[PDB]
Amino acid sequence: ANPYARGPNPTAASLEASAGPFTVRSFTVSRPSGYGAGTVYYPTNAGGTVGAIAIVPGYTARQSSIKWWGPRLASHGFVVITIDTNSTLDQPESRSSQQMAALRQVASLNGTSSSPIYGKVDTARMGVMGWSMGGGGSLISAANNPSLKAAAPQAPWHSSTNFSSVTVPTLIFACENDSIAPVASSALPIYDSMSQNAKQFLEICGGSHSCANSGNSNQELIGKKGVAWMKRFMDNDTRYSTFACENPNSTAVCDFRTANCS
């Protein structure tokens, strides 16, 4: 049996729901180490240790922009840290360093007896997500740390679109009508550069640059795909293989690509 499988067998309905099967609590990180601020979301009743995911906002943005992922992922059996950066004007390399510092601190707290997440984390299984420059920072994190088990940036941007070095399973969310980081010059070239990995590209119809942020009108589809990708690749959970690899039946899909998915 897969030692990392958690929760009941998935269905479309269970993955499109606002909440997964586990109860979620959260806390503010008291002494952020290497980044500006953080909130940790965690399941109280997962029934084994779970992987950790670190999520970074874009330029000028704060945890509010990405917060919805915390409950959505934690409720399916993950510890999720959403961060504020040391400066709202930090660039991708700095955002990647701070994302990795946030994962380091989740590992520290997993060994801290006073922490709500004491003994809840499998510190060998980590993932990265983020918006825009925080998405570019996630891809830098993956390139630099190939032991990361999954990446799922949204509307990514970086100063270079060449992520051919990435060997981590990577799902790119893109927003059709993005005027900040146009799909044709940012997300799609980044996707096309990646030759060595399981990868997927999902572009949301009519979406502005914020189409995968807190308050979006496609949480059913976006949340299904993000949780399926992370379950498949962070937990090796092949119960999620079809949800992770499929072209989903949604009016909201305006571009779909996938390679090396199983």
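Note that residue numbering follows the sequence shown and begins at 1.
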244 to 252 versus 15 to 23 - which carries the larger mean C-alpha B factor in the record: 244 to 252
Segment of higher mean CA temperature factor, 73 to 81 or 113 to 121: 113 to 121
From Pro169, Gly137, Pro182, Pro146, residue of greatest CA B-factor: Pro182
Highest recorded Cα temperature factor - choice among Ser96, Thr88, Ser160, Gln154: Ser160
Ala228 by Cα B-factor - lowest, middle or highest third of the modelled chain: lowest
Ranked C-alpha temperature factor of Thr39 among modelled chain residues, by third: lowest
Assigned third (lowest, middle, highest) for the C-alpha B factor of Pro57: lowest
Assigned third (lowest, middle, highest) for the C-alpha B factor of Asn236: middle
Lowest, middle or highest third - CA B-factor, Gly51: lowest
